[PDB]
Amino acid sequence: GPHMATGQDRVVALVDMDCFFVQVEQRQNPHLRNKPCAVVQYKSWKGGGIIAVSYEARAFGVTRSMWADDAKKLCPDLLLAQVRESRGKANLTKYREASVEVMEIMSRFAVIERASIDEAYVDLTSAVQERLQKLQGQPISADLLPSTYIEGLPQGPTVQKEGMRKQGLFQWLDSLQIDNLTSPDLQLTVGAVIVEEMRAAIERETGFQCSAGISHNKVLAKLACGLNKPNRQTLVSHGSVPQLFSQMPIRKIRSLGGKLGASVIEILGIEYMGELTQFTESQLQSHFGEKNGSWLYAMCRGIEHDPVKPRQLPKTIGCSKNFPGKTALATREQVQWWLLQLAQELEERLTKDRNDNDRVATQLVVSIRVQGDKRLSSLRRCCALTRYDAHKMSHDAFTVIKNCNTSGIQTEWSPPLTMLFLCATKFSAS
DNA sequence: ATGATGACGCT
DNA sequence: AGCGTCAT
Ligand SMILES: Nc1ccn([C@@H]2O[C@H](COP(=O)(O)OP(=O)(O)OP(=O)(O)O)[C@@H](O)[C@H]2O)c(=O)n1
Ligand SMILES: [Ca+2]
Ligand SMILES: [K+]
């Protein structure tokens, strides 16, 4: 009862750019705006692989990982933009730079955790407290939340989407206790007003639209963000959790989309997150380990403590390329040449990073996949990264991997390589 | 023949 | 260290 923590101590948001690479290419090329369009990498094999899809193209069934030639079967008018290719590999620099535009706007409002090229978590607790003092108890207008959905409302005793949105928002605001400055529901609402402001600024200053979730922790914020996409934000209160989780497949919760989530389902014989509440913490720890069991016990009640880490820059900087099918690398010369190509792009990004961010990497990790290995990495070895020089870095990578060559011939490479990966890690300030 | 990254857990 | 998991 009175001692039972409810995980309502923080306001956390997750911001996710809608069809990010598509928005970048549509900003650059107005002919792509408001059209079914997709972003593709490479082109010779089956038209290239689709990596991002506009909402207009998704209505036709186009998805990520589709070959562009197949996507054109679903959507003959599909417009395509191609990822830059440099040194024979995809080069994502345009999207990384657009991402920096967005993250630097977000950092004005609060400290952010870069979660991916196009997602950041925001810890808003402190900004909320401040804005609450600026309010002095005045009600929060629905005009301050023009794109906000309150998950689970409307409820109780119109047939259009926006009318539903406004109805739920009104019920929520009508029930708010704007007098109590430590009300969790009030704090989430203020958090949502701030996130509206953040999203307005991102759109004004970059042209890019995003969705967001606002809740009390990262898992609920991420789940919230996915509930109303694109160009909308969703508030998931602590009170909404029982109904939301009662039909929510377990695999939808961040970190449960893989083998652990499958084993939760199979060992416990359940399907939905809320069903987890019927097990004791010790039962869950017995099945899934002490850490996982504690996490699941708290999470299925809507409680999570993973902090928004203050980290706006990636921790490692890497370059990778796959060599599928008949293109697998089968000679010494081939392996060396592609290691040089990867290392040249890596040198370029590292030099940029050292100038921009005042740091230097100190370890080089070299990862390969061999033909027939189902695993995504067959081997990983490290060496010292002492100078930002592509020829040295590629020579060192070759050195640390060369005894993997089975061939008795000095010039051949067996088994052939289906993946090369260079990653610079262990950054020190400079 | 999805392909390009990136973080973190386990041992 | 080196591998496995999960994600965007
Ligand atoms: N299997 C995946 C999924 C995502 N990404 C990377 O993560 C970025 C954002 O992924 P995601 O948010 O899932 O896709 P969006 O295009 O942004 O679509 P949405 O509107 O649903 O956010 C992609 O552009 C891509 O760079 C990737 O490389 N491989
Ligand atoms: Ca996105
Ligand atoms: K994303």
# chains A, B, ... in the order shown; residues from 1 in each chain; ligands from 1

call {"tool": "interface_residues", "arguments": {"of": "chain A", "to": "chain C", "cutoff": "10 Å", "atoms": "only C-alpha atoms (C1' of nucleotides)", "output": "PyMOL selection string"}}
result
chain A and resi 115-119+254-260+375+377-382

call {"tool": "write_last_selection", "arguments": {"atoms": "C-alpha atoms", "output": "mmCIF file, in the first residue's frame"}}
result
data_model
loop_
_atom_site.group_PDB
_atom_site.id
_atom_site.type_symbol
_atom_site.label_atom_id
_atom_site.label_comp_id
_atom_site.auth_asym_id
_atom_site.auth_seq_id
_atom_site.Cartn_x
_atom_site.Cartn_y
_atom_site.Cartn_z
ATOM 1 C CA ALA A 115 19.211 5.881 -29.191
ATOM 2 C CA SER A 116 19.780 5.559 -32.930
ATOM 3 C CA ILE A 117 20.370 7.679 -36.001
ATOM 4 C CA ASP A 118 16.810 8.990 -35.666
ATOM 5 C CA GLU A 119 15.633 8.380 -32.043
ATOM 6 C CA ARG A 254 11.785 -3.129 -25.999
ATOM 7 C CA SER A 255 14.253 -6.008 -25.323
ATOM 8 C CA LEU A 256 11.567 -8.695 -25.487
ATOM 9 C CA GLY A 257 11.445 -8.881 -29.296
ATOM 10 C CA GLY A 258 13.934 -11.738 -29.527
ATOM 11 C CA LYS A 259 14.719 -15.065 -27.884
ATOM 12 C CA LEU A 260 14.104 -13.930 -24.292
ATOM 13 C CA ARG A 375 26.136 -16.125 -37.431
ATOM 14 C CA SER A 377 29.986 -12.269 -37.055
ATOM 15 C CA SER A 378 32.272 -15.265 -37.448
ATOM 16 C CA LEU A 379 35.324 -13.659 -35.860
ATOM 17 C CA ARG A 380 36.341 -10.503 -34.005
ATOM 18 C CA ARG A 381 39.898 -9.351 -33.232
ATOM 19 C CA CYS A 382 41.344 -6.073 -31.982
#

call {"tool": "residues_near_ligand", "arguments": {"ligand": "ligand 3", "cutoff": "12 Å", "atoms": "only C-alpha atoms (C1' of nucleotides) and all ligand atoms", "output": "PyMOL selection string"}}
result
(chain A and resi 14-21+52+99+114-121+210-212+222-223+225-226+229-230) or (chain C and resi 7-8)

call {"tool": "write_last_selection", "arguments": {"atoms": "N, CA and C atoms (P, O5', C5', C4', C3', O3' and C1' of nucleotides)", "output": "compact mmCIF listing (two decimals), in the first residue's frame"}}
result
# COMPACT_ATOMS: atom_id res chain seq x y z
N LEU A 14 10.31 9.77 -25.72
CA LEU A 14 11.08 9.20 -26.81
C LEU A 14 10.64 9.90 -28.09
N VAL A 15 11.59 10.48 -28.82
CA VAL A 15 11.31 11.15 -30.08
C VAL A 15 11.87 10.29 -31.20
N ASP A 16 11.03 10.01 -32.20
CA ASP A 16 11.39 9.15 -33.34
C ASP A 16 11.00 9.88 -34.63
N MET A 17 11.99 10.15 -35.49
CA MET A 17 11.73 10.80 -36.78
C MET A 17 10.88 9.87 -37.64
N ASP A 18 9.79 10.38 -38.20
CA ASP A 18 8.96 9.61 -39.17
C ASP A 18 9.72 9.39 -40.49
N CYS A 19 9.67 8.17 -41.07
CA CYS A 19 10.33 7.78 -42.36
C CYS A 19 11.58 8.65 -42.57
N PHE A 20 12.49 8.60 -41.62
CA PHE A 20 13.61 9.56 -41.58
C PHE A 20 14.33 9.72 -42.92
N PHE A 21 14.90 8.65 -43.48
CA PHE A 21 15.69 8.85 -44.70
C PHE A 21 14.83 9.41 -45.83
N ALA A 52 13.85 2.52 -46.41
CA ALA A 52 12.91 3.44 -45.79
C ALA A 52 11.79 3.75 -46.78
N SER A 99 20.59 14.01 -38.85
CA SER A 99 20.35 13.56 -37.48
C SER A 99 20.95 14.53 -36.48
N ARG A 114 21.01 9.65 -27.27
CA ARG A 114 20.89 9.22 -28.65
C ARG A 114 20.68 7.72 -28.69
N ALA A 115 19.51 7.30 -29.17
CA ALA A 115 19.21 5.88 -29.19
C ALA A 115 19.50 5.26 -30.53
N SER A 116 19.45 6.06 -31.59
CA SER A 116 19.78 5.56 -32.93
C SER A 116 20.03 6.77 -33.81
N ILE A 117 20.24 6.53 -35.10
CA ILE A 117 20.37 7.68 -36.00
C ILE A 117 19.18 8.62 -35.90
N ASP A 118 17.97 8.11 -35.59
CA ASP A 118 16.81 8.99 -35.67
C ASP A 118 15.90 8.93 -34.44
N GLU A 119 16.39 8.43 -33.30
CA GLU A 119 15.63 8.38 -32.04
C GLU A 119 16.50 8.92 -30.91
N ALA A 120 15.88 9.67 -30.00
CA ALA A 120 16.51 10.10 -28.76
C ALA A 120 15.50 10.07 -27.62
N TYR A 121 15.95 9.59 -26.47
CA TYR A 121 15.17 9.73 -25.25
C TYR A 121 15.51 11.04 -24.58
N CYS A 210 8.20 14.36 -36.63
CA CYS A 210 8.50 13.19 -35.83
C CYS A 210 7.27 12.83 -35.01
N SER A 211 7.30 11.61 -34.46
CA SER A 211 6.35 11.16 -33.46
C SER A 211 7.06 11.10 -32.11
N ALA A 212 6.29 11.09 -31.03
CA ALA A 212 6.92 10.94 -29.72
C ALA A 212 5.99 10.20 -28.77
N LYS A 222 8.75 4.60 -25.41
CA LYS A 222 8.93 3.98 -26.73
C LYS A 222 7.64 3.36 -27.23
N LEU A 223 6.97 2.59 -26.37
CA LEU A 223 5.69 1.99 -26.75
C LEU A 223 4.67 3.07 -27.11
N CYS A 225 5.25 6.07 -28.22
CA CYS A 225 5.61 6.70 -29.49
C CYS A 225 5.03 5.94 -30.67
N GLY A 226 5.09 4.61 -30.61
CA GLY A 226 4.53 3.81 -31.71
C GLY A 226 3.00 3.81 -31.84
N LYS A 229 1.25 7.26 -35.12
CA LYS A 229 2.28 7.67 -36.05
C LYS A 229 1.59 7.91 -37.38
N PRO A 230 2.13 8.79 -38.25
CA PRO A 230 3.25 9.72 -38.08
C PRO A 230 2.77 11.06 -37.53
P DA C 7 14.31 -6.34 -29.36
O5' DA C 7 15.00 -5.08 -30.06
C5' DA C 7 15.19 -3.87 -29.36
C4' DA C 7 16.04 -2.91 -30.18
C3' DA C 7 15.47 -2.51 -31.53
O3' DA C 7 14.52 -1.46 -31.40
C1' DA C 7 17.85 -2.84 -31.62
P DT C 8 14.29 -0.42 -31.06
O5' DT C 8 14.94 0.26 -32.35
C5' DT C 8 15.69 1.40 -32.17
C4' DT C 8 16.39 1.88 -33.43
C3' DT C 8 15.58 2.45 -34.57
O3' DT C 8 16.02 3.80 -34.82
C1' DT C 8 17.27 1.00 -35.39

call {"tool": "closest_residue", "arguments": {"among": "A:183, A:155, A:8, A:209", "to": "ligand 2", "atoms": "only C-alpha atoms and all ligand atoms"}}
result
A:209

call {"tool": "interface_residues", "arguments": {"of": "chain A", "to": "chain B", "cutoff": "8 Å", "atoms": "only C-alpha atoms (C1' of nucleotides)", "output": "list in words"}}
result
residues 45, 49, 65, 66, 90, 116, 314, 316, 318, 319, 320, 321, 322, 324 and 325 of chain A

call {"tool": "select_by_dssp", "arguments": {"residues": "segment 139-363 of chain A", "states": "alpha helix (DSSP H)", "output": "ChimeraX atom specification"}}
result
/A:161-174,184-206,218-225,241-246,259-268,281-288,290-299,332-357

call {"tool": "residues_around", "arguments": {"residues": "segment 334-337 of chain A", "least_positions_apart": "4", "cutoff": "9 Å", "atoms": "only C-alpha atoms (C1' of nucleotides)", "output": "PyMOL selection string"}}
result
chain A and resi 329-330+341-342+394-395+398+413+417+420

call {"tool": "write_last_selection", "arguments": {"atoms": "C-alpha atoms", "output": "PDB file, in the first residue's frame"}}
result
ATOM      1  CA  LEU A 329      35.730 -12.351 -51.268  1.00  0.00           C
ATOM      2  CA  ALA A 330      37.900 -15.261 -52.365  1.00  0.00           C
ATOM      3  CA  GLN A 341      38.027   0.936 -48.866  1.00  0.00           C
ATOM      4  CA  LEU A 342      36.393   0.506 -45.448  1.00  0.00           C
ATOM      5  CA  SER A 394      43.777  -1.746 -43.247  1.00  0.00           C
ATOM      6  CA  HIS A 395      47.220  -3.341 -42.990  1.00  0.00           C
ATOM      7  CA  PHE A 398      44.618  -7.715 -42.361  1.00  0.00           C
ATOM      8  CA  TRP A 413      41.406 -16.776 -49.554  1.00  0.00           C
ATOM      9  CA  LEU A 417      34.420 -13.752 -46.659  1.00  0.00           C
ATOM     10  CA  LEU A 420      34.012  -7.101 -43.396  1.00  0.00           C
TER      11      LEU A 420
END

call {"tool": "select_by_dssp", "arguments": {"residues": "segment 89-279 of chain A", "states": "strand (DSSP E)", "output": "number ranges by chain"}}
result
A: 89-90, 112-116, 119-123, 148-150, 210-215, 233-235

call {"tool": "residues_around", "arguments": {"residues": "segment 216-218 of chain A", "least_positions_apart": "5", "cutoff": "7 Å", "atoms": "only C-alpha atoms (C1' of nucleotides)", "output": "MDAnalysis selection string"}}
result
chainID A and resid 7:12 304:305

call {"tool": "write_last_selection", "arguments": {"atoms": "C-alpha atoms", "output": "PDB file, in the first residue's frame"}}
result
ATOM      1  CA  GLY A   7       7.512   4.202 -10.891  1.00  0.00           C
ATOM      2  CA  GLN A   8       6.047   7.690 -11.357  1.00  0.00           C
ATOM      3  CA  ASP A   9       9.226   9.608 -10.418  1.00  0.00           C
ATOM      4  CA  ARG A  10      10.339  10.666 -13.908  1.00  0.00           C
ATOM      5  CA  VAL A  11       8.944  12.181 -17.064  1.00  0.00           C
ATOM      6  CA  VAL A  12      10.640  10.512 -20.040  1.00  0.00           C
ATOM      7  CA  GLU A 304      11.266   0.650 -15.169  1.00  0.00           C
ATOM      8  CA  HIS A 305      14.332   2.401 -13.848  1.00  0.00           C
TER       9      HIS A 305
END

call {"tool": "atom_distance", "arguments": {"atom1": "atom CA of residue 249 of chain A", "atom2": "atom CA of residue 151 of chain A"}}
result
16.6 Å

call {"tool": "decode", "arguments": {"residues": "chain C", "atoms": "C-alpha atoms (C1' of nucleotides)", "output": "tab-separated table (two decimals), in the first residue's frame"}}
result
chain	number	residue	atom	x	y	z
C	1	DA	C1'	39.09	-10.75	-24.58
C	2	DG	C1'	35.71	-12.64	-27.82
C	3	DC	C1'	31.09	-14.00	-28.55
C	4	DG	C1'	25.86	-13.45	-28.29
C	5	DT	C1'	21.55	-10.59	-28.10
C	6	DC	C1'	18.67	-6.96	-29.44
C	7	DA	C1'	17.85	-2.84	-31.62
C	8	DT	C1'	17.27	1.00	-35.39
